[PDB]
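A.B. asks: These protein sequence lines are chains F and C, in that order.
Read in order, the letters of the first sequence correspond to residues 339 to 406 in PDB author numbering.
Read in order, the letters of the second sequence correspond to residues 407 to 473 in PDB author numbering.
Yeah, the Cβ is synthetic: ideal placement off N, Cα and C, and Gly gets one too.
Below: one structure in structure tokens.
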Amino acid sequence: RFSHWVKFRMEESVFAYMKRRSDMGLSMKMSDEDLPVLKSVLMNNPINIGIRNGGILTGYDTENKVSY
Amino acid sequence: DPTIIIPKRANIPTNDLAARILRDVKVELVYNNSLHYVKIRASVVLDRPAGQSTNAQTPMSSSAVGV
């Protein structure tokens, strides 16, 4: 269920932002100056809501030495 | 801007030299008008301020087709 829930929300969130840009006349472009904005869009709707609800882990691992 | 023009000695007719008269001096001015009547067009909204399009592009000032 979590994997499906991630699929749905990530898909609608990015689309919902592209429409706004394309509906103001300023559609997104592959200019390498606009692509990076996706860092905030994805981290905003799906990812952060996951952390506040406890669904997604975060922190550091002492034996594998990798972060979450 | 105001302008002033003054004749030079080469343009004064010989008769005016005898009579000692200078003419054709010209000046130019512009007058500034006061305000008398003013008209207002008020509008009272009831439900919602009129919405506007989301077209955030700069408004073009002319039409491309000109023939």
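In angstroms with no decimal places, state the Cα-to-Cα distance between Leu452(C) and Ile446(C).
C.D. replies: 20 Å
A.B. asks: Please tell me whether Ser351(F) and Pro374(F) are closer than 9 Å, where the distance is taken between their beta carbons.
C.D. replies: no
A.B. asks: Per DSSP, which residues does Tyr398(F) bridge with? Please list them.
C.D. replies: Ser405(F)
A.B. asks: Using CA coordinates, which residue listed in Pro408(C), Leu435(C), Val431(C), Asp407(C) is at the minimum distance from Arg415(C)?
C.D. replies: Residue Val431(C) holds the alpha-carbon nearest to the alpha-carbon of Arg415(C) among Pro408(C), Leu435(C), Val431(C), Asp407(C).
A.B. asks: Taking only three categories from DSSP, how would you classify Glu371(F)?
C.D. replies: coil
A.B. asks: Can you give the Cα-Cα distance for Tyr437(C) and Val444(C), rounded to whole angstroms?
C.D. replies: 20 Å
A.B. asks: With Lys377(F) as the anchor, note down where its beta strand (DSSP E) starts and where it stops.
C.D. replies: Here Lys377(F) belongs to no beta strand (DSSP E); instead the alpha helix (DSSP H) covers 376-380.
A.B. asks: Going by DSSP in three states, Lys432(C) sits in which element: helix, strand or coil?
C.D. replies: Three-state result, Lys432(C): strand.
A.B. asks: Whose CA, out of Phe340(F), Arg339(F), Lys345(F), lies closest to the CA of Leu380(F)?
C.D. replies: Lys345(F)
A.B. asks: The alpha helix (DSSP H) spanning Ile427(C) covers which residue range?
C.D. replies: From DSSP, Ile427(C) is part of no alpha helix (DSSP H); its letter is neither H nor E.
A.B. asks: In whole angstroms, what is the alpha-carbon distance linking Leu435(C) and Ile418(C)?
C.D. replies: 25 Å
A.B. asks: In the DSSP assignment, the alpha helix (DSSP H) including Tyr355(F) goes from what residue to what residue?
C.D. replies: 340-361
A.B. asks: Just verifying my parser: in three-state terms, what is the DSSP assignment at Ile411(C)?
C.D. replies: Under the three-state reduction of DSSP, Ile411(C) is assigned to strand.
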